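Below: the structure, in structure tokens.
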Amino acid sequence: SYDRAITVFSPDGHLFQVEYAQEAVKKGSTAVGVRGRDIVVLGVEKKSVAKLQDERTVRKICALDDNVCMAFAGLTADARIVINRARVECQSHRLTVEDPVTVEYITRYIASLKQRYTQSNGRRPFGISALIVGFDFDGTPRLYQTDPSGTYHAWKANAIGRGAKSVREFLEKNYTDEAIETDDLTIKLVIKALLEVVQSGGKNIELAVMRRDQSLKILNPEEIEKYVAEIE
Amino acid sequence: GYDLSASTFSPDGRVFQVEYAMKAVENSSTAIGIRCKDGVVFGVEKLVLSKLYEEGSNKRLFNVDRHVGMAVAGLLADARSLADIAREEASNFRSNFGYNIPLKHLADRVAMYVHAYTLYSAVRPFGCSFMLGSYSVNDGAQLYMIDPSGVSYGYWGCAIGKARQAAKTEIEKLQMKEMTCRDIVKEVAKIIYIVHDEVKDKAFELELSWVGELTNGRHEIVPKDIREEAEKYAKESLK
Amino acid sequence: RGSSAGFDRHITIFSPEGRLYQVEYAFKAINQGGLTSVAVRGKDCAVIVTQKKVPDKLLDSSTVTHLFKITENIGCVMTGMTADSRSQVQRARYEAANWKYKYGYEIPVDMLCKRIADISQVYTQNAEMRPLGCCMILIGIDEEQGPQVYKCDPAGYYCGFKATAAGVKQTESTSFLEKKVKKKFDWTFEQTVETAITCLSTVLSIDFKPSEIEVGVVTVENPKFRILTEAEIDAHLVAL
Amino acid sequence: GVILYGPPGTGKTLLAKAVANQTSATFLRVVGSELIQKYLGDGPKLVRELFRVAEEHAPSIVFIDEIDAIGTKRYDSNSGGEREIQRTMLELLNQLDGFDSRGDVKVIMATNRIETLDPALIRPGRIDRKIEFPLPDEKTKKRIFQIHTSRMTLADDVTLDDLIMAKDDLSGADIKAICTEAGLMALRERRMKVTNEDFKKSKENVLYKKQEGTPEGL
Amino acid sequence: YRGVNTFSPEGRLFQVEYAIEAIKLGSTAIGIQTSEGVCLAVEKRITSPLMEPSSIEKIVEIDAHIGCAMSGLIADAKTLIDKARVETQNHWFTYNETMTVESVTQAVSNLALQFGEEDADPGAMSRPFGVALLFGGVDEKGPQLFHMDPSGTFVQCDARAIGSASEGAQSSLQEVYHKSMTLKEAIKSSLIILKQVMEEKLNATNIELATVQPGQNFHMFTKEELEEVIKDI
Amino acid sequence: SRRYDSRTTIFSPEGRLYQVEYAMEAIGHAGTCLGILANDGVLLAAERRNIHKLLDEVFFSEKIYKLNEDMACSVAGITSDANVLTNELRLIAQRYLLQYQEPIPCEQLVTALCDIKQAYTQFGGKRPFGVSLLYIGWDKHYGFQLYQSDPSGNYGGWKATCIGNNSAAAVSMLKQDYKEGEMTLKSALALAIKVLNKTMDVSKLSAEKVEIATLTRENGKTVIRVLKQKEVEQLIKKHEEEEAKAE
Amino acid sequence: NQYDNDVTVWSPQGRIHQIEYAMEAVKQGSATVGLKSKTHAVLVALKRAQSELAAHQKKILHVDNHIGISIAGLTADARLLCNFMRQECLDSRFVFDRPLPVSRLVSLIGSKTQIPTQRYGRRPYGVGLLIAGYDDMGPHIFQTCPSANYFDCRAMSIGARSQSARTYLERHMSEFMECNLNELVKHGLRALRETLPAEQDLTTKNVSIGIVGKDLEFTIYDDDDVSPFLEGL
Amino acid sequence: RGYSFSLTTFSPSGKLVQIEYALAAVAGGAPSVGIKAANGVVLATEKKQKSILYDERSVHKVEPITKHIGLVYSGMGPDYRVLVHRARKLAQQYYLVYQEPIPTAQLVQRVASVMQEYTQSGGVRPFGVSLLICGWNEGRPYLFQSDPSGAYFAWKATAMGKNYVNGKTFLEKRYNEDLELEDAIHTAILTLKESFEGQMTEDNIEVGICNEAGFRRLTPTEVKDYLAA
Ligand SMILES: Nc1ncnc2c1ncn2[C@@H]1O[C@H](COP(=O)(O)OP(=O)(O)OP(=O)(O)O)[C@@H](O)[C@H]1O
Ligand SMILES: [Mg+2]
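Chains as they are written, first to last, in the deposited numbering: chain J, 2 to 233; chain M, 6 to 244; chain G, 3 to 242; chain B, 221 to 438; chain K, 9 to 241; chain I, 2 to 248; chain L, 4 to 236; chain H, 3 to 231.
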């Protein structure tokens, strides 16, 4: 077995592999997230239709459990690996505890897996950052973000990926109780914020919305364009 | 960069790490073995680094079996590991074939074990050379040596250590063929004193041993009285 | 011609010119002993002769040697590094014993050489370890093939020969022997022992004494490999 | 000294050229690869002279462009002519701020890649000011476009914004390339005027020089 | 080049020294030991308003009578906490007693430094943990405060400060603390030193505080309880 | 030993896997591959590089591979890594079939293989596989399909694609001349002949420096075929005739 | 430069540098001493504290009822070696219902420390012990260095500044065999005092004493328990 | 333990360089030839020993795998021995499972797949050999080549080793699909002769054939007879 130490400490105390992982994370399409009174919404940026890709095989917001979803920004293969692992653990939780999984539990699990690959032998750290959203059984809205170092926090509105600093500044200046009162106001807020990096919109965005019991909501292009117009 | 591992030959066909390890063995003091009609005699110069050590600190003669002795020079950690390996070989031989290991076979097995440490990058050559010597009614007196390269060759007289050349020029004069261990002992002390350098090193206490017809084939430390008389004769000879 | 790309001179990997430099150096180490050997194939006898250097009068001359028996019938010369030579001789003895255990009859010379050369080929493919710096020559009688003379080298080459030399003086001895084999038959009697001794004496320019060489023989009448004693060697030495 | 750093094609050399042709001193320009000399001890001589005929000439400015080729991180585990590179770097490092007083001279520098410079070269007393150079965002693109399209007869269907609106991360040198290529194909077709269709086709053609692995890294 | 398990010409494992450097990136945490109890104070360091301050679990309880405060990396602690807790529970299972503080510190210390590259495990640890912990709790022997470092070196301390501002914080803690403090006075002095170090102005939202006393189990200070202490603070 | 280690699985200082980048750089020199999904078929059009008068004709093809009864794939990169990946794909298909008694859906399969490849580029110390794949198949979930893979482990559904030499040019025409949802199998084959004729700038389609595949549903079951010489040459004659009439 | 990166790479002078750097790590630690008389063996140690509020690090541990050690270097290595020694002593009692002779324990220690210094990627034990024991052959003192090389000493002093201590020991070696327990302990304390840096005196806060003898299990004196020994110097 | 990292790695131009060097070694060996007649398949190489002291019969380069399929090489010797052994073992495993003689296409696939593993595995270097295999399976001749990269090619007629480019030109001149076995072996003997540097004695070349009767080496007297012409 290959048993070399890929990630190793450096003078001044830096995990250069971890730093390069997040440098990779900075080469991915911007993903955004906001938290409202009773709706969470995930927003991504599609690179380009290209008129020949099948957007069904390219999805970038995925569901881990019926009540939990996630969006990533970085490399794709690593994202696929983490998503499958999280799915397995959600189902194992359901089988053993007989109660629905909670957002913090799965975020903790994913962060632990990232830390493990950051401290094991012969393993390259994941260059992906995640945004987990959902509602626990109590019906409380939640938003967590996981970095490639294995660190996680909870947020009201964070943007991950390319151009994250700009979108984070926008959300930080704008996030106020007024913008979460109406679910439409929140969806439109996310659409507007994204609209500070992407160009076209409508045909250059994806949206996701989730409610208390309502399953994952994928907004169709026509409805998204209508939402942007109503914003217009 | 041709001398960083034992898994690389020099452009002229040499394994350097082995050469360096064998260089190390020339920083340790001098040891001597002389074969005679009755048996073998080992004598080692043990340097006293500090006044605070006990007598007998780091003895440099070992017993790998009840009939075999073992003199060493170089890294002592390697010497003790190889002593352990020779003991294991002897015990295994006795348990398997039901009798005391012939000394040649022990020399071969130990040398193969050392040589296997001079092929790979994952390990490094032993920094010790050593000499085995036993005696039996059948096989008679024997004295062998194995160097870091793993070469085993029989000897009528040899000196492994710092002042190896001076002793070698000295051991060549005995005519050991036609004496017994009792006089070989005085000779061994005589040499170990002739080779010792009082300008560089401070002082030493001898370690002497033998195996021969006088032991019934048992290797054992030379008794105190004989050792003292030998030391005294060597002192007188160094007028 | 002599390019280097990376570690091609440190581990057994190819050079830009398809060359394994580590194997080549290993071949270069066969000469580090300073000895030479010759083997000659006769009509009913096969002979191997070798030098015997007693560096001084403290060694036990009976122990320093380079002749060994693999089986009671197959005997070999070892040249080059001594420790590597011992290792290869042990492996050969084990292999022959296993052949007789498994297949019920003594091992042919050629097949033993093949097994040993395969071992060396594994040594020259994997890069963790280094090729051994020793070469073999084997001799014995085959049932229906006559006397056999075979050699092997670090790279894994196991050609069978009519008369061979290995060591520092490989080329001069090989030239002499090629000329002889050209002359009539490359010696065609048990006095092939004289041709080998002459070749060594000429190449090294030595004028041997009784106590400066060691011989081994195998005869069709006496297949068991025999290690010529000092009296017989002196007799042959006087003969010429 | 001022070090101009930023992504390639963003206005460093141009701004130095401008502050040169506008001021009243003797402005000198050098390429870093032009200090890599094929005889030993010639690079240090060149730098020493360059800073020698700058005090002979009253107020003076020096602009060492593409310095990255000469000042690098200074990794020690290197062999060859890199040692000479480091030795010329030491000569420069002394000239900028060393034992003697530099007189009346200023030093500008450029580097597309700056994370790889030596800490002692760009340290405070050697280079006090350090300038980032971002790409044009949305409107500087319009400005540059109208700057380079300035001298050419264009058809009255030129949807310039349509070319600018796309967030293709265009660079200033890319804008110049687009202008020139469009003008050249307009010449090819004999047409007395340049058409919007030509500009969009030229844009597609210039961007065609991007390449790379698409899914990888994203 | 330069394996993980390598000795500098001074006699220091390089990886250990670099791990000790990473503890300066971490926020500043304090601990004070008094006869009436032991207290832990740390700085949450809210980067941006947009994140829930409650979601920075930077003090956790090992057992009802132990407490832990950390500085360094978020991710590196998690495994050390789990080890400490499973060891405490293991001891309770076997001996039906309460795991002492020095013993849990020792077990956590052993778990550190068992890192390497050659012949260890299919997935053993590679680099040393880059986190400095603070265990404080009440044992059969009374209030205790222990300090751990990436070198597997632990020592019981009367007052310690770990983190980006550990120096200066330590001079303050040394000038103030005496052998006869009171728990509440300890909370006050700790909160004051923290206020003195943080860049931001202290508020109940951007700190956490915990005390453990002989009677009450490990206690987390609540937002209102935090305000109550900070107002007079 | 760290001295000789290559570190084929470690990040660079800008978060890009170099061995992966070079692997994708190898593909851009092997034969071109083309994908076109029709409304009634799928088709692979790669170039036959083994163009010598002294090579022999063997097997039903030279670059197209069957994987199930209802799936086939073509390769660009190294031939030997190609063989290794093809074998593992066949094994995956049969393992799914054994567990479920249903043919493996297409994205089932493509993601299983890409997971192997990704894992291979994540840990282990080996070099990555220098192969990029094009697949074709039918399953009751999405009908006729056309996927693609890369040394990284990323895949993608493509209505039309090109992986290999002159990929930029081929995808450029494929963008210019693709009718999304308005393509018969015959039209797709003609478009393939045209695009390839462009790309294989060396001479013109010799009907022998090319490989074509078709996957269709016939009589309720999939049918896979590799176009013979006569039909290919007839198609090329039709193409030249159409271009001549056009001029 | 390239001969001091791995432990398996002989240097062209017949020296392995990593082993020497490990020796350095052992020499940078705090001072310690060992003695043997005809009746007892006494270890005397000098703990030191990182700050003025932290405790002084323990540096004498128990192995068996008839053996004791005193460490100097990286603690984690010392803890590992203590684990090994204690397991060996327990196994000897379980199998043979008898105390393990000291010499044999030191031999096993040497052999265990030998394996690291001959395999690629492993590193020498960066700790220096001073084992004191009492077997059927009577009192013993041994020393262990990172190179797997143990010494049968009658008195020694490892650690930082230990050379003045060694000088005093070699100065009075004649009396040690005839001394009472009190005089022996006073010799050890006096030497370890020769090690102290001028304006620093022996106190109850920076000394620990260990003793083993004919009818006396190994016992550790520390804190105020050491005052009876110190009072008299 | 053993190195667990690949020693062949991609270069910036996307080329596995070690494989290129192995190919260089192959191109620097002894010549070899193979033709596929209408009713047989012929291999032939050159075995010019270095002196009169080498037993021509001691070793052979054209070696069979089963009664009906055999192979020759050009490159390094010991690697050829290893690959001969592996091929014989794989053939016997196929026979044991299926109780039928192994087809040549499959044996070539299997030996080549064994050849790929050493391009990617850890701590090993590529084989410095190319083989040609001949078989008579399904009443039909087969000629395959296998190189260090693990790639195989079906050949109508080929020539590898030193001066292989000129040999391929020759064979391109002299192939005629309606060829007969004796003419094919004659043409081969010639191709080796196109560059040989000496007189082709019976004891300086080898040949092996395959037909319905079975793959079988040619005895030297047979070789001399064929060389008569
Ligand atoms: N804002 C701008 N105004 C005018 N011209 C511009 C602008 N930005 C870029 N350019 C064009 O960029 C061209 C490139 O020259 P310039 O001096 O800007 O290069 P640079 O940024 O120094 O490049 P490099 O990083 O390769 O050294 C100039 O000819 C100028 O035409
Ligand atoms: Mg510029």
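By construction, the Cβ of each residue, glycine as well, lies at the ideal position given by its N, Cα and C atoms.
Alpha-carbon to alpha-carbon, residue 238/K and residue 110/K: Counting from one through the fifth sequence, the residue named residue 110/K turns up at place 102. Counting from one through the fifth sequence, the residue named residue 238/K turns up at place 230. C-alpha separation (whole angstroms): 32 Å.
Alpha carbon of residue 48/H to alpha carbon of residue 206/H, nearest angstrom: By 1-based counting over the eighth sequence, the position of residue 48/H is 46. By 1-based counting over the eighth sequence, the position of residue 206/H is 204. Between the C-alpha atoms of residue 48/H and residue 206/H there is a straight-line separation of about 6 Å.
CA-to-CA distance, residue 34/K to residue 124/K, given in whole angstroms: On the fifth sequence, position 116 is the one that residue 124/K refers to. On the fifth sequence, position 26 is the one that residue 34/K refers to. So the two alpha carbons sit approximately 25 Å from each other.
Selection from 189/M, 15/M and 96/M that minimises the alpha carbon distance to residue 232/M: On the second sequence, residue 232/M is found 227 positions in, with the first residue counted as 1. Comparing alpha carbon positions, the residue from 189/M, 15/M and 96/M closest to residue 232/M is 189/M.
Under the three-state DSSP convention, the category residue 89/M falls into: To locate residue 89/M, count along the second sequence from 1; it is residue 84. Reduced to three states, the DSSP call for residue 89/M is helix.
Three-pair Cβ contact test at 8 Å for the segment 185 to 196 of chain K versus the segment 44 to 53 of chain K: With three or more CB-CB distances shorter than 8 Å, the segment 185 to 196 of chain K counts as touching the segment 44 to 53 of chain K.
Beta-carbon proximity check, residue 94/G vs residue 72/G, cutoff 8 Å: On the third sequence, residue 94/G is found 92 positions in, with the first residue counted as 1. On the third sequence, residue 72/G is found 70 positions in, with the first residue counted as 1. Yes, these two residues count as a Cβ contact at 8 Å.
Segment contact flag, the segment 175 to 186 of chain H with the segment 37 to 47 of chain H, C-beta cutoff 8 Å, min 3 pairs: Between the segment 175 to 186 of chain H and the segment 37 to 47 of chain H, the count of Cβ pairs shorter than 8 Å is three or higher; the stretches touch.
Through-space distance from residue 150/G to residue 110/G, alpha-carbon basis: Taking the first residue of the third sequence as position 1, residue 110/G is located at position 108. Taking the first residue of the third sequence as position 1, residue 150/G is located at position 148. Their backbone Cα atoms lie some 9 Å apart in a straight line.
Ligand 2 heavy atom lying under 7 Å from the CB of residue 291/B: Taking the first residue of the fourth sequence as 1, we reach residue 291/B at position 71. Not under cutoff, so the answer is no.
CB contact below 8 Å: residue 228/J versus chain H: Position 227 of the first sequence, counted from the first residue, corresponds to residue 228/J. At a cut-off of 8 Å, the C-beta of residue 228/J has no neighbouring C-beta in chain H.
Neighbourhood of residue 218/J by C-beta, 7 Å cutoff - its chain only, sequence neighbours within 5 removed: Against the first sequence, residue 218/J aligns to sequence position 217. Result list for residue 218/J: 209, 210 and 211, in chain order.
Within 8 Å, strictly: CB atoms of residue 111/I and residue 179/I: Along the sixth sequence, read from residue 1 onward, the residue named residue 111/I stands at position 110. Along the sixth sequence, read from residue 1 onward, the residue named residue 179/I stands at position 178. Judged by beta-carbon spacing, residue 179/I lies beyond the 8 Å limit of residue 111/I, meaning their Cβ atoms are not closer than that value.
Minimum Cβ-Cβ distance from residue 17/I to chain B less than 8 Å: Translated into positions along the sixth sequence, residue 17/I becomes position 16. By this cut-off, residue 17/I is an interface position.
Selected residue, minimal CA-CA separation from residue 15/L, among 12/M, 17/M, 184/M and 24/M: Sequence index remark: in the seventh sequence, residue 15/L carries index 12 (1-based). For residue 15/L, the closest of 12/M, 17/M, 184/M and 24/M by C-alpha to C-alpha distance is 24/M.
Cβ pair residue 111/L, residue 92/L closer than 8 Å: Here residue 111/L is taken as the residue at index 108 of the seventh sequence, counted from 1. Here residue 92/L is taken as the residue at index 89 of the seventh sequence, counted from 1. Remark: C-beta atoms of residue 111/L and residue 92/L do not approach each other more closely than 8 Å.
Whole runs of the alpha helix (DSSP H) within the segment 241 to 271 of chain B, excluding any shorter than 4 residues: Runs found: 263 to 270.
Neighbour flag for residue 156/M against chain G, beta carbons, 8 Å: Within the second sequence, the letter at position 151 stands for residue 156/M. Cβ-Cβ to chain G under 8 Å: yes for residue 156/M.
Identity of the residue in 156/M, 192/M, 154/M and 53/M nearest residue 172/M by Cα: The residue labelled residue 172/M in the question sits at position 167 within the second sequence. That would be 192/M, whose Cα lies nearest to the Cα of residue 172/M.
Contact with chain M by residue 12/L, beta-carbon distance below 8 Å: Here residue 12/L corresponds to residue number 9 of the seventh sequence, with the count starting at 1. The beta-carbon of residue 12/L is placed less than 8 Å from the nearest beta-carbon of chain M.
Classification of residue 167/H by the beta-carbon crowding that lies within 10 angstroms, buried from 16 upward: On the eighth sequence, residue 167/H is found 165 positions in, with the first residue counted as 1. Flag for residue 167/H reads exposed.
Neighbourhood of residue 169/M by C-beta distance below 8 Å, restricted to the same chain and skipping five residues each side: For the purposes of this step, residue 169/M is identified with residue 164 of the second sequence, where counting begins at 1. Excluding its 5 nearest sequence neighbours in each direction, residue 169/M has C-beta neighbours in its own chain below 8 Å: 31 and 35, listed in chain order.
Cross-chain neighbours of residue 47/G in chain H, by beta carbon under 9 Å: Numbered from its first residue, the third sequence carries residue 47/G at position 45. For residue 47/G, no chain H residue has a C-beta closer than 9 Å to its own C-beta; the minimum C-beta separation is roughly 17 Å.
Residue 232/B CB to nearest heavy atom of ligand 2 below 7 Å: Here residue 232/B refers to the residue found at position 12 when the fourth sequence is read from its first residue. At least one heavy atom of ligand 2 lies less than 7 Å from the C-beta of residue 232/B.
Residue nearest to residue 125/H in terms of C-alpha spacing, selected from 184/I, 247/I and 2/I: The residue you call residue 125/H lines up with position 123 of the eighth sequence. For the residues 184/I, 247/I and 2/I, the minimum Cα distance to residue 125/H belongs to 2/I.
Residue 221/I burial status per 10 Å Cβ neighbour count (16 or more: buried): Position 220 of the sixth sequence, counted from the start, is the residue given in the question as residue 221/I. Note on residue 221/I: under 16 other CB atoms within 10 angstroms of its CB, so exposed under the neighbour-count rule.
Residues in the segment 21 to 38 of chain J having any Cβ partner in chain I nearer than 9 Å: Residues of the segment 21 to 38 of chain J that bring their beta carbon within less than 9 Å of a beta carbon in chain I comprise 21, 22, 23, 24, 25, 26, 27 and 28, in sequence order.
Which of helix, strand or coil DSSP assigns to residue 17/I: Against the sixth sequence, residue 17/I aligns to sequence position 16. Here residue 17/I sits in coil by DSSP.
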